[PDB]
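J.: Quick one: the structure is below, and I'll ask about it shortly.
Protein chains: 2
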Amino acid sequence: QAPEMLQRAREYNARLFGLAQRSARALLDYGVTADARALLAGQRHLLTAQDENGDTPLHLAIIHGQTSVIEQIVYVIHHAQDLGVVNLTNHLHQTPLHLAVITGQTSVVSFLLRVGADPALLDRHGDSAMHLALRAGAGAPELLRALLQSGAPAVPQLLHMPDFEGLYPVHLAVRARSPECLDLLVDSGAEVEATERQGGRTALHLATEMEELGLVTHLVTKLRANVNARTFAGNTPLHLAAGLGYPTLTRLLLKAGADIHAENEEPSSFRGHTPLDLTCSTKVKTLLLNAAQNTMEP
Amino acid sequence: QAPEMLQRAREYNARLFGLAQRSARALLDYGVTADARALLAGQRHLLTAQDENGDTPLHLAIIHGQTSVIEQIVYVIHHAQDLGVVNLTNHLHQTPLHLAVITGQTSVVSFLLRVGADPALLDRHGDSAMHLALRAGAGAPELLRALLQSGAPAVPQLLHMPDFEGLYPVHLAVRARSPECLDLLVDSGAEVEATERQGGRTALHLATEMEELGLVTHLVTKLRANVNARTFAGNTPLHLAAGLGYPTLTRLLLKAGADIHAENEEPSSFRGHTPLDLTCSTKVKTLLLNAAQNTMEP
């Protein structure tokens, strides 16, 4: 608090002078190797430098596909134990990985994973490395591949849940109308009958929901998914289908071994609406009845 | 002298912090351009960094033919008015130019000249850019060309004088047994009858000296060099030739219009040794006499 403030200012010139002085030495190496890496290492203690958007130098390189750079930068980080800088988030709370995925640069995505980079870190919207992949203006399971293949902290992703009422990765695929990924996840370990926190729905529920007749079949068949699973509001896929008026879908579900016996809520003593109830499509009504009385029925 | 030393330490952190902070910004540019130049500019205030041998980063690049680097480095220097760093000498008192020449990298030699780099600066031995060129384990006039062509501070070189008794560039060429350069110099302006500070000798003197019959002829003929020129010790080429015992050379000189009339020093009243005197070769003696009495003689 007194003229002892000097010790503070002088101390800075100590550990710092070495910095500026280290560069000077590294700059001499670059003059005998033309190796931009060495010249980049000299400023190692700077790769953490943010910007107007809070993007580290490595953050920008991934943004402008400067693959050449990302190569070097990562080298410096890896060979310096500073394997933490590769996680610094920008103002949007995005990590280098996050971007490599958002930009679709699968090549880089793999590279980052090799050295640190926790794919568990969510973004401003609460989406992890995987979650982001499962999305795309057009779609691309190619990303999900890089992740799944190699990466110790990668196996947990296929069990997380996004901000939006926590829709596990398996749920996302269905919402992404992409069975390609659906298999990718489940195959490499993934709870098929996962129950999300919103309405306790499952893959089949969202499938029948958006009437993804394709996914629905693919799920109940190959994926050996549980056909009769009730949601939080007590509803099986055979319900949503009938309600929405999805003939072929209802038919497919029925054949899949869908028990017509089910009651969501009132129209022990506690019965309620059944599949054969909520239906505004003449076609749907028919099958529901015919398939009920005929073949196995009191 | 009192706890006011603080202002000193704190001040350093002022103008310097911007440095380390500038790099940080330049390092962000490199992450969006992969341009090593920008990353090199960020450390501009370091290109002056010496080393164990006192070699600047640009000094090393020229040493290890890192042409790629030299390209960038010079750009930074040029576009920063720091056109003085390109003159910093190493421990051997050598400038970037000096090396570009010593290493024979003609390409670089030209490049340096374009931006500053005073070819007038001598080295540990007192040799300028030109002086060095006029030398080589095998020889190379290709260097002298780069210099002569383009370069405002280049025209003065062809009038300087090396440490060794100041032997002007024209003298060097003769000592380099290279008429190629001899012409190169004279053609682009160069005193032919230049008299060095040692023995006041001239091109012809050194020519006849090392008996460069080739140069001798080339000099007295095309170069229209003065045939009868006495040194400090009062001696014309016709002297040295006779003394050494160079028949054809003496003959060539004679025909060149070499006046037999000449006296160095005693064997108004003040006569001394003449060409026809100092001679241990029977052959030489003959011509000297025959050519004297015969054709024009009292």
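Chain order of the listed sequences is A and A'. A prime marks a further copy of an entry chain. Sequence positions in the first sequence follow the authors' numbering and run 435 to 701, 726 to 756. Sequence positions in the second sequence follow the authors' numbering and run 435 to 701, 726 to 756. Note that CB positions come from ideal geometry on N, CA and C, so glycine has one too.
For residue 455(A), does the three-state DSSP call read helix, strand or coil?
T.: Here residue 455(A) sits in helix by DSSP.
J.: Under 8 Å, with one C-beta from each stretch per pair, do the region 656-665 of chain A and the region 686-693 of chain A reach the 3-pair mark?
T.: yes
J.: What's the C-alpha gap between residue 487(A') and residue 525(A')?
T.: 6 Å
J.: Among 746(A'), 598(A'), 519(A') and 700(A'), which has the Cα closest to the Cα of residue 687(A')?
T.: That would be 746(A'), whose Cα lies nearest to the Cα of residue 687(A').
J.: State the CB to CB distance for the pair residue 683(A) and residue 647(A), rounded to an integer number of angstroms; the pair is presumed to be in contact (CB under 8 Å).
T.: 5 Å
J.: When you check each C-beta in the region 524-543 of chain A' against every C-beta of chain A, which residues fall closer than 9 Å?
T.: none
J.: So is residue 583(A) in contact with chain A' if we call contact Cβ pairs under 7 Å?
T.: Judged by the 7 Å Cβ criterion, residue 583(A) is not in contact with chain A'.
J.: Looking only at its chain, what residues have a beta carbon closer than 6 Å to the beta carbon of residue 593(A), apart from the 5 residues adjacent to it on each side?
T.: none
J.: On the premise that residue 562(A) lies in contact with residue 554(A), defined as a C-beta separation below 8 Å, what is that separation, rounded to the nearest angstrom?
T.: 6 Å
J.: Please report the distance separating the alpha-carbon of residue 462(A) from that of residue 459(A').
T.: 21 Å
J.: Determine the chain A residues that contact residue 477(A') at a beta-carbon separation under 7 Å, and present them in chain order.
T.: 457 and 461
J.: Going residue by residue through the region 469-532 of chain A', where are the continuous alpha helix (DSSP H) segments of at least 4 residues, counting only ones entirely within it?
T.: 470-475, 491-497 and 501-512
J.: Would you check if the region 535-553 of chain A' and the region 497-514 of chain A' touch, i.e. whether three or more CB-CB distances between them fall below 8 Å?
T.: yes
J.: Give, in chain order, every residue of the region 438-455 of chain A' whose Cβ lies closer than 9 Å to some Cβ of chain A.
T.: Hits within the stretch, in order: 438, 439, 440, 441, 442, 443, 444, 445, 446, 447, 450, 451, 453, 454 and 455.
J.: According to DSSP, is residue 656(A) part of a helix, a strand, or is it coil?
T.: coil
J.: Please say whether residue 527(A) and residue 558(A) have beta carbons closer to each other than 7 Å?
T.: yes
J.: How many Å lie between residue 496(A') and residue 623(A') at the Cα?
T.: 30 Å
J.: Specify the secondary structure class of residue 755(A') as computed by DSSP and reduced to three states.
T.: In this structure, DSSP gives residue 755(A') a state outside helix and strand, which the three-state scheme calls coil.
J.: Give a yes or no on contact between the region 616-636 of chain A' and the region 664-683 of chain A', applying the rule of three or more CB pairs nearer than 8 Å.
T.: yes
J.: Since residue 535(A') contacts residue 577(A') with CB under 8 Å, what's their CB separation in whole angstroms?
T.: 6 Å
J.: From what residue to what residue does the alpha helix (DSSP H) around residue 642(A) run?
T.: Taken as a continuous stretch (DSSP letters only), the alpha helix (DSSP H) holding residue 642(A) covers 637-643.
J.: Between residue 514(A) and residue 478(A), is the Cβ-Cβ spacing less than 7 Å?
T.: yes
J.: Using a Cβ-Cβ distance cut-off of 7 Å, determine whether residue 470(A') contacts chain A.
T.: yes
J.: Out of curiosity, what's the CA-to-CA distance linking residue 482(A) and residue 489(A')?
T.: 31 Å
J.: Give me the Cα-Cα distance between residue 752(A') and residue 627(A'), rounded to the nearest whole angstrom.
T.: 30 Å
J.: Below 8 Å on the Cβ atoms is my contact criterion, and I expect residue 456(A') with residue 476(A') to pass it. Report the Cβ-Cβ distance as a whole number of Å.
T.: 6 Å
J.: List the residues of chain A' that residue 491(A) touches, going by C-beta distances under 8 Å, in chain order.
T.: 461, 462, 464 and 465
J.: Quick one: Cα of residue 650(A') to Cα of residue 679(A'), how far?
T.: 15 Å
J.: Taking Cβ to Cβ, would you say residue 697(A') is nearer than 7 Å to residue 732(A')?
T.: yes
J.: What would DSSP say about residue 587(A), mapped onto helix, strand or coil?
T.: helix
J.: Along the region 500-521 of chain A, where does the CB come closer than 7 Å to a CB of chain A'? Name the residues.
T.: Against chain A' - using a Cβ distance shorter than 7 Å - the residues of the region 500-521 of chain A are 500, 502 and 503.
J.: Taking the alpha-carbon positions, what's the residue 586(A') to residue 451(A) distance?
T.: Each residue's Cα considered, the two are about 40 Å apart.
J.: Quick one: Cα of residue 580(A') to Cα of residue 473(A'), how far?
T.: Computed Cα separation, rounded: 31 Å.
J.: For residue 483(A), return the contacting residues in chain A', with the cut-off set at a CB-CB distance below 7 Å.
T.: Within chain A', 458, 461 and 462 have C-beta atoms less than 7 Å from the C-beta of residue 483(A), given in sequence order.
J.: Skipping 5 residues on each side, what residues in its chain have a beta carbon closer than 8 Å to that of residue 590(A)?
T.: Cβ neighbours of residue 590(A) within its own chain (closer than 8 Å, five residues either side excluded): 554.
J.: Can you name, in chain order, every residue of its own chain whose Cβ lies under 6 Å from the Cβ of residue 606(A), other than the five neighbours on each side?
T.: 568
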